[PDB]
Amino acid sequence: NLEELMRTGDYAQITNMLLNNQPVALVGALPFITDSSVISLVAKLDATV
Amino acid sequence: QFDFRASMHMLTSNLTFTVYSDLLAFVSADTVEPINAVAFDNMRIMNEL
Amino acid sequence: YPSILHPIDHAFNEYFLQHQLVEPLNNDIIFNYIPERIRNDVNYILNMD
C-alpha cells in the first residue's frame, strides 16, 4: 500500500523486495507515462522506473 | 652500556585506519509528518485533530 | 618496523602499541549506538546510507 508506505515512511520492505526482484504490486493512485514506442518496450524501460 | 642486541626490537602496528568520533553522523534520520505521529499504544498522540 | 629503544622506552612504547583504545567500527555498532527505544519508535525512520 503506497499510502501506508508514504504515511509511515519506512521503506525497508519495499527496498528489500525491489533489491531481491521479488514480484510485488504497488497499490495506490499513481500517474503513468503512456508510451507507444515498440523499441522502448523491447528495451524493457518499464522495469527501470 | 648500550647493547645492540638488547635494544633492537620489532614494533608492530596496523598499516592504516581512520578513527571516527560522531557515530550518529552516519545515521540518516527522518520523521513522519507530525499529524501521523503515534504514541506507545500505536494510536496518534493527538486525536482531536 | 625495527627500532632501537632502551628497555624502559621499549616498555612504554610497547604498552602504547598493545593497548590502543581504537575498536573496529561497523554499521551494526552505529545502529546499536542509537538508543534502543528510538530505534523501536515508528515515528522516526533511521537508515544507514
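- Per the PDB record, the structure was determined using cryo-EM to 2.88 Å resolution.

- The PDB entry annotates chain C as Inner capsid protein VP2 originating from Simian rotavirus A strain RRV.

- Labelled according to the PDB entry, chain A appears under the name Inner capsid protein VP2, originating from Simian rotavirus A strain RRV.

### Considering the environment of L11 of chain B
Then step 1. For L11 of chain B, the location among the structural elements is in the loop between β1 (8–10) and β2 (28–31).
Then step 2. In this structure, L11 of chain B is in contact with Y1, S3, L5, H10 and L17 of chain C, ignoring residues within four places of it in sequence.

### Re the interface of chain B and chain C
Then step 1. With 25 residues of chain B at the contact, the number on the chain C side is 22 residues.
Then step 2. Both faces considered, chain B and chain C share a buried interface measuring about 2100 Å² in area, 68% of it formed by carbon and sulfur atoms.
Then step 3. Summed over the three residues of chain B that lose the most area to chain C, namely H9, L11 and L23 of chain B, the buried surface amounts to 28% of that side.
Then step 4. Inspection of the region where chain B meets chain C yields 0 salt bridges.
Then step 5. Mapped onto the side of chain B that touches chain C, the elements with two or more residues apiece are α1 (4–7), β1 and β2 of chain B.

### So, the packing of aromatic side chains
Then step 1. For the structure shown, the criterion picks out 2 aromatic pairs over all chains.
Then step 2. Where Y20 of chain B meets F26 of chain B, the ring centres are 5.1 Å apart and the plane angle is 85 degrees; that geometry is what we call edge-to-face.
Then step 3. On the basis of relative accessibility, which here comes to 45%, the residue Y20 of chain B falls in the partly exposed class.
Then step 4. Taking 6.3 Å as the distance between ring centres and 50 degrees as the angle between the ring planes, the aromatic pair formed by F12 of chain C and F16 of chain C counts as tilted. With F12 of chain C and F16 of chain C both in helix α1 (residues 7–18) and 4 residues apart, this pair spans about one turn of that helix.
Then step 5. Using a relative accessible area of 53% as the deciding quantity, one classes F16 of chain C as exposed.
Then step 6. Above the face of the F31 of chain C ring, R39 of chain C is positioned so that its terminal group lies 5.0 Å from the ring centre.

Calculation rules
Residues numbered from 1 in each chain as written, not as in the entry; some residues may be left out. Chains lettered and ligands numbered in written order. Part of a larger assembly, values for the part shown. Heavy atoms only, no water. Helix = DSSP H or I, 4+ residues; strand = E, 2+ residues; numbered from the N terminus. Contact = heavy atoms within 4.5 Å. Buried area = accessible area lost by both parts, 1.4 Å probe. Salt bridge = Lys/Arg side-chain N within 4 Å of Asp/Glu carboxyl O. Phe/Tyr/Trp six-rings, centres within 6.5 Å; stacked < 30°, edge-to-face > 60°. Buried < 20%, exposed > 50% of the residue type's maximum accessible area, 1.4 Å probe, protein only. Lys NZ or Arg CZ within 6 Å of the ring centre and 35° of its normal.

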